[PDB]
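Undergrad: A single structure is presented below for examination.
There are 4 protein chains.
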Amino acid sequence: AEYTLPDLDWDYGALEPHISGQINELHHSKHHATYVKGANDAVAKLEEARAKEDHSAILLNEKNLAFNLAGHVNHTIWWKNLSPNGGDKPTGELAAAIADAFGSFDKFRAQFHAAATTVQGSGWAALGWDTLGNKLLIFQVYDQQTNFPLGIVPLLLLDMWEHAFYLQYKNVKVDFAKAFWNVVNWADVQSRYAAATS
Amino acid sequence: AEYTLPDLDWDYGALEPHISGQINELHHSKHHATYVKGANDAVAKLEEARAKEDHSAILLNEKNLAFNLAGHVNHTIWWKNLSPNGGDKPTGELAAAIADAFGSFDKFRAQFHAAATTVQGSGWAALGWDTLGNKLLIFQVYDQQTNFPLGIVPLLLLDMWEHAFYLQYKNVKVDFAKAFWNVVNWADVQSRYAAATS
Amino acid sequence: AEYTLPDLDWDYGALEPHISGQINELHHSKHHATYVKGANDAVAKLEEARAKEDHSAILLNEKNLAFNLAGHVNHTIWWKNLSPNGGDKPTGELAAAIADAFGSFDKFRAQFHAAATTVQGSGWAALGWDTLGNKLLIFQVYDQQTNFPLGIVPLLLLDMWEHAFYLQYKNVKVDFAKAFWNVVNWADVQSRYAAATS
Amino acid sequence: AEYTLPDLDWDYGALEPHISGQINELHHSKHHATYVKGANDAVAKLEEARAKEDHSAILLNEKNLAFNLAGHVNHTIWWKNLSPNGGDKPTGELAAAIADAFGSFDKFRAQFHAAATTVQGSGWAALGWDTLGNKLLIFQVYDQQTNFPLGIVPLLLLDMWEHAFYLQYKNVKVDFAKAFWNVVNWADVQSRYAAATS
Ligand SMILES: [Fe+3]
Ligand SMILES: [Fe+3]
Ligand SMILES: [Fe+3]
Ligand SMILES: [Fe+3]
Numbered sequence: 002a003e004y005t006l007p008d009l010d011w012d013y014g015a016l017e018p019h020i021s022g023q024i025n026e027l028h029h030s031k032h033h034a035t036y037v038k039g040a041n042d043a044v045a046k047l048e049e050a051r052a053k054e055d056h057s058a059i060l061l062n063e064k065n066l067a068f069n070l071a072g073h074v075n076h077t078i079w080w081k082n083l084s085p086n087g088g089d090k091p092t093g094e095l096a097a098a099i100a101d102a103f104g105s106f107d108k109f110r111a112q113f114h115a116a117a118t119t120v121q122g123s124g125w126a127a128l129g130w131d132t133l134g135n136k137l138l139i140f141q142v143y144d145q146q147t148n149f150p151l152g153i154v155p156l157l158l159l160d161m162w163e164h165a166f167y168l169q170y171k172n173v174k175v176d177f178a179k180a181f182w183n184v185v186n187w188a189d190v191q192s193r194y195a196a197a198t199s
Numbered sequence: 002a003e004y005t006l007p008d009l010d011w012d013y014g015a016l017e018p019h020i021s022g023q024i025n026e027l028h029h030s031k032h033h034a035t036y037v038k039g040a041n042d043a044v045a046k047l048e049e050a051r052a053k054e055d056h057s058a059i060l061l062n063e064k065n066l067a068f069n070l071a072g073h074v075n076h077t078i079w080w081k082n083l084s085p086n087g088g089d090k091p092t093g094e095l096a097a098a099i100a101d102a103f104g105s106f107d108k109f110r111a112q113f114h115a116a117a118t119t120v121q122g123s124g125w126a127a128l129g130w131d132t133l134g135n136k137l138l139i140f141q142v143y144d145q146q147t148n149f150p151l152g153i154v155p156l157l158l159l160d161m162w163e164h165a166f167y168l169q170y171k172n173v174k175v176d177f178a179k180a181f182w183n184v185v186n187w188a189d190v191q192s193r194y195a196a197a198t199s
Numbered sequence: 002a003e004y005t006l007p008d009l010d011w012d013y014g015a016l017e018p019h020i021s022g023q024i025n026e027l028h029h030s031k032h033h034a035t036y037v038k039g040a041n042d043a044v045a046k047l048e049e050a051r052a053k054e055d056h057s058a059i060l061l062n063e064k065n066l067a068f069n070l071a072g073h074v075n076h077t078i079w080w081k082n083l084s085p086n087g088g089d090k091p092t093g094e095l096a097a098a099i100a101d102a103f104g105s106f107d108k109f110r111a112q113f114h115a116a117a118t119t120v121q122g123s124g125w126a127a128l129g130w131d132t133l134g135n136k137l138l139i140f141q142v143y144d145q146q147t148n149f150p151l152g153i154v155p156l157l158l159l160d161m162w163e164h165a166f167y168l169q170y171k172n173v174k175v176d177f178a179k180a181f182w183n184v185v186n187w188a189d190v191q192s193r194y195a196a197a198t199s
Numbered sequence: 002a003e004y005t006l007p008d009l010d011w012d013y014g015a016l017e018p019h020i021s022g023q024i025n026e027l028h029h030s031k032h033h034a035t036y037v038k039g040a041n042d043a044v045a046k047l048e049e050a051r052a053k054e055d056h057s058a059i060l061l062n063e064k065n066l067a068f069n070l071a072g073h074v075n076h077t078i079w080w081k082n083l084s085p086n087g088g089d090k091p092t093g094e095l096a097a098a099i100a101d102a103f104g105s106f107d108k109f110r111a112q113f114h115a116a117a118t119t120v121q122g123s124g125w126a127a128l129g130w131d132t133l134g135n136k137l138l139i140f141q142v143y144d145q146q147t148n149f150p151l152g153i154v155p156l157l158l159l160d161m162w163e164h165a166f167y168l169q170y171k172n173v174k175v176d177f178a179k180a181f182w183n184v185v186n187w188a189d190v191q192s193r194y195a196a197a198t199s
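Chains as they are written, first to last, in UniProt numbering: chain A, 2 to 199; chain B, 2 to 199; chain C, 2 to 199; chain D, 2 to 199.
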């Protein structure tokens, strides 16, 4: 049926001071809200293309279908990764996963931070699981749909779009990508991981 | 451990006349061969970055890791999708999947063809399963790692890179994307699908 | 010698209420400031690559050289296009240029607005002169360095990066791309045009 | 008026053995031929959009207008840069330009080669003149329209698209990017340069 904008497991301001409630609202209710509709639209148009056997604009339908389903898919997980009782570090299976995968949790943080802070333009930092080589990796996502292989299982995302922190951190993304760690929903992450390795 | 170039379930010329044996060789032994090594390299470099806690070139490591693991991941499936005893149409569960998903198998072919034939530059045509909205969709992949959402399960791919058909079809990709259907490994596709819906 | 961040021909708040002084500062002193240094860096690195005859990271040097020189080049013109005594419409030669080129000034505005408001991610709207076919065209720039032909002469740019209006307009870029017209430096534009046709 | 496919200043095989006559034909008469029409089309469509004040597909019109005018613009210069009586090295003003700009002609070759040989996917290697910082630089062009700043003056291009050498060199682009130098039209380059500095 249709894609729909999902509910937060918390109150828009749950995250201060690390993330502005202000931001959360706009993000969820505005920006997510949107991808959810483009998503639905593009699908719709393909529906119609095929029904009229006219794929003149195929290039454009695949690009909008890609772009919104993708922002929709990342913003959904972004929410789940966030949490007011989140923070510290991962434990057990995931935590181990991490150190063998990146040496230590700090090693991983580090790279994750670099990943995120150097996107040239819009983008995201993502920890995904490689079913290919059963590895744990970090990709630097450009925009919402580019720069990683098909089949990767997402684990922890961190929105680096300017609308993700400009109201608060302004031009200092560095500060925002730091704050980020203080609300990370490790639980959600650990679940995501278990499932993917299963 | 490392990524490795996989073995074909057939003899390089199994596919004539639809695809030149010549091509298959070059493709497998040359082009795939390569992505498999970049893949391994980029991983390696990240290993080293972190070990030297120097992520100055993070942008470049994530881009090479993305680009080769991605060509590696697509060329692997590309092989499996191909088959000398392949062809005709899908049956059962997948075949049904298809008609409710794109109206008919011809409707789907059509769109799939358009998808593929209009890439602006390098690229691929891909049928992937949406775990999000449990849908069956077609994406137009640019290069090897761009233009589709994270978490999509690949089902049927069709390499549209010039090195995929220039020796044979020259500038007429249209002809090649047609021939394509005659060696499609529906079996492989139907399996891929069952698994993803499971 | 080096690229340098240029001086504004006005006071940071000259532009309210159409553009926040706040924004102008950040933009100029922060974001521009930056591209000007990446610009200088990347150049520097190429200098060094060649001096050590090691172009292992060529991919990355060309990408940073492209990306910063490009943001540097667009933000420079962006400033010049802006003006507190700007506005209304173009006159004379340019104004004529425009109507034969896009039918009317409103026709052109319209398209220019659409151009800008639909970028998928970072980007800009640009009016450039085609020395090829001596035409006047509008391109939709992605990020800072992609989506237009080599040799185009820039005439009027409009920054659509989220950091260009989020503090003020928040998620409503539409509103910002409207306000835009009220400070357009037609004079600067008309000069730019004369020169290019010469 | 319209963009038109230009005439070569030589016979399709003028370039063997360095470039296959076969290739030249296909390239000129097929691939160029095409960009010249997309070019004309996209323009046409914008014409129509505006006439119907319907810019729903603006994203797609700007992308096709960008992509074909760009391949059209690069392939045009590509022809001019090529020459049967070409080769050796540049002289006078340009030659000097080069050594102060990249240290030596070999330093420049080197970087130019690296530039070209590592494109990830489609792309080109380009020497352009920076009116910004009056510099001489090399950019790595992705596809046909991405990866360099607006306002760069093209000087020497080298098509790295697979259809530019696969028939001949197959997967060994390295060999082709070498051969390249043997037909470079320095004259054309030296003129291009004089003009740009003027
Ligand atoms: Fe976002
Ligand atoms: Fe391939
Ligand atoms: Fe900006
Ligand atoms: Fe070409």
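The C-beta atom is built at its ideal place from N, Cα and C for all residues, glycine as well.
#1: Residue 50 of chain D CB to nearest chain G CB: under 8 Å?
#2: Reducing DSSP to helix, strand and coil, say where residue 112 of chain A ends up.
#3: Using three-state DSSP, classify residue 36 of chain D as helix, strand or coil.
#4: Quick check on this structure: which residue in B:121, B:33, B:162, B:90 has the alpha carbon closest to the alpha carbon of residue 188 of chain B?
#5: Taking 8 Å as the threshold (beta carbon to beta carbon), is residue 63 of chain B in contact with chain A?
#6: Determine the chain C residues that contact residue 58 of chain B at a beta-carbon separation under 8 Å, and present them in chain order.
#7: What does a CB cutoff of less than 8 Å around residue 165 of chain B pick up in its chain, not counting 5 residues either side in sequence?
#8: What ranges does the beta strand (DSSP E) occupy inside the region 113-165 of chain C, keeping only unbroken runs of at least 3 residues that lie completely in it?
#9: Would residue 152 of chain A pass as an interface residue toward chain B - the criterion being a Cβ-Cβ separation below 8 Å?
#10: Suppose the cutoff is 7 Å on Cβ atoms and the five residues either side in sequence are ignored; what does the same chain contact list for residue 82 of chain D look like?
#11: With a floor of 4 residues, list each alpha helix (DSSP H) that falls wholly inside the region 43-98 of chain D, ordered by position along the chain.
#12: Does the region 64-78 of chain D come into contact with the region 141-157 of chain C, if we say contact requires no fewer than three beta-carbon pairs (one atom in each stretch) closer than 8 Å?
#13: Thinking C-alpha only, which one of A:12, A:57, A:7 is nearest residue 37 of chain A?
#14: Beta-carbon of residue 47 of chain D versus every beta-carbon of chain B: anything under 8 Å?
#15: Any C-beta of chain B sitting closer than 8 Å to the C-beta of residue 167 of chain D?
#16: Please name the residue, chosen from D:163, D:121, D:111, that lies closest to residue 32 of chain D on a Cα-to-Cα basis.
#17: Should residue 160 of chain A be listed as close to ligand 1, given that the test is whether its C-beta is under 7 Å from any heavy atom?
#18: Check whether the region 116-131 of chain B and the region 117-125 of chain D touch, using three or more Cβ-Cβ pairs below 8 Å as the test.
#19: Can you tell me which of B:134, B:135, B:127 puts its alpha carbon nearest to the alpha carbon of residue 161 of chain B?
#20: Quick one: Cα of residue 47 of chain D to Cα of residue 60 of chain D, how far?
#21: Please report whether the beta-carbon of residue 26 of chain B lies at a distance below 8 Å from any beta-carbon of chain D.
#22: List, in order along the chain, the chain D residues whose C-beta lies closer than 8 Å to that of residue 140 of chain C?
#23: Taking C-beta to C-beta, are residue 180 of chain D and residue 20 of chain D nearer than 8 Å?
#24: Specify the secondary structure class of residue 173 of chain C as computed by DSSP and reduced to three states.
#25: Just mark residue 105 of chain D as buried or exposed, buried being the case when its beta carbon has 16 or more other beta carbons within 10 Å.
#26: Name the residues in the region 11-37 of chain D whose C-beta lies less than 9 Å from a C-beta of chain C; which are they?
#27: Got a sec: is the Cβ-Cβ distance from residue 162 of chain A to anything in chain C below 8 Å?
#28: Would residue 75 of chain B and residue 145 of chain B qualify as a contact pair, given that the criterion is a beta-carbon distance under 8 Å?
#29: Just checking: is the beta-carbon of residue 144 of chain C within a distance shorter than 8 Å of some beta-carbon in chain A?
#30: Hey, would you say residue 118 of chain D sits closer than 8 Å to residue 174 of chain D, going by beta carbons?
#31: Taking all protein chains shown into account, decide if residue 77 of chain C is buried (16 or more other Cβ within 10 angstroms of its Cβ) or exposed.
#32: Confirm the yes/no value for this check: CB of residue 114 of chain A, any heavy atom of ligand 2, distance under 7 Å.
#33: Could you compute how far the alpha carbon of residue 114 of chain A sits from the alpha carbon of residue 107 of chain A?
#34: From which residue to which residue does the alpha helix (DSSP H) around residue 198 of chain B run?
#35: Taking the alpha helix (DSSP H) that residue 22 of chain D belongs to, which residues open and close that run?
#36: Please go through the same chain and pick out, in chain order, the residues whose beta-carbon is closer than 7 Å to the beta-carbon of residue 95 of chain D, but skip the five residues on each side of it.
TA: In short, the structure shows the following:
#1: You won't find chain G in this structure, because its protein chains are A, B, C and D.
#2: Three-state result, residue 112 of chain A: helix.
#3: Three-state result, residue 36 of chain D: helix.
#4: The shortest Cα separation from residue 188 of chain B among B:121, B:33, B:162, B:90 belongs to B:90.
#5: Yes, contact with chain A.
#6: Neighbours of residue 58 of chain B in chain C, taken as residues whose beta carbon is under 8 Å from its own, are 58, 61 in chain order.
#7: Closer than 8 Å at Cβ, skipping near neighbours: 24, 28, 177.
#8: If only uninterrupted beta strand (DSSP E) runs of at least 3 residues are considered, those enclosed by the region 113-165 of chain C are 124-131, 136-143, 153-160.
#9: It does; some Cβ of chain B falls within 8 Å.
#10: Here the set comprises 157, 158, 185, 186, 189, 190.
#11: Counting whole runs of 4 or more residues, the region 43-98 of chain D contains the alpha helix (DSSP H) stretches 59-82.
#12: Cβ pair count under 8 Å is three or more, so yes.
#13: With distances taken between Cα atoms, residue 37 of chain A lies closest to A:7.
#14: Residue 47 of chain D is outside the set of residues whose beta carbon lies under 8 Å from a beta carbon in chain B.
#15: True, the Cβ-Cβ gap to chain B drops below 8 Å.
#16: Nearest C-alpha to residue 32 of chain D: D:163.
#17: Taking 7 Å as the cut-off, the C-beta of residue 160 of chain A counts as close to a heavy atom of ligand 1.
#18: Under the Cβ criterion (8 Å, minimum of three pairs), the region 116-131 of chain B counts as touching the region 117-125 of chain D.
#19: Distance from the Cα of residue 161 of chain B is smallest, within the candidate group B:134, B:135, B:127, for B:127.
#20: Rounded to whole angstroms, residue 47 of chain D to residue 60 of chain D spans 11 Å at the Cα level.
#21: Residue 26 of chain B does not count as touching chain D.
#22: Neighbours of residue 140 of chain C across chain D, judged by C-beta separation under 8 Å: 63, 66, 67.
#23: Taking 8 Å as the Cβ cut-off, residue 180 of chain D and residue 20 of chain D qualify as a contacting pair.
#24: For residue 173 of chain C, the three-state secondary structure derived from DSSP is coil.
#25: By the 16-neighbour rule on beta-carbons within 10 angstroms, residue 105 of chain D is exposed.
#26: Of all residues in the region 11-37 of chain D, none has a C-beta nearer than 9 Å to a C-beta of chain C.
#27: Answer yes: the Cβ-Cβ gap between residue 162 of chain A and chain C drops below 8 Å somewhere.
#28: Note that the C-beta distance between residue 75 of chain B and residue 145 of chain B is below 8 Å.
#29: By this cut-off, residue 144 of chain C is an interface position.
#30: Result yes, Cβ atoms of residue 118 of chain D and residue 174 of chain D sit closer than 8 Å.
#31: With 16 or more other CB atoms across the displayed protein chains lying within 10 angstroms of its CB, residue 77 of chain C is buried.
#32: No; taking the cut-off as 7 Å, the Cβ of residue 114 of chain A has no heavy atom of ligand 2 nearer than that.
#33: The straight-line gap from Cα to Cα measures roughly 10 Å.
#34: 187-198 is the span of the alpha helix (DSSP H), which, as asked, contains residue 198 of chain B.
#35: Taken as a continuous stretch (DSSP letters only), the alpha helix (DSSP H) holding residue 22 of chain D covers 22-26.
#36: Excluding sequence neighbours, residue 95 of chain D sits near 190, 191, 194.
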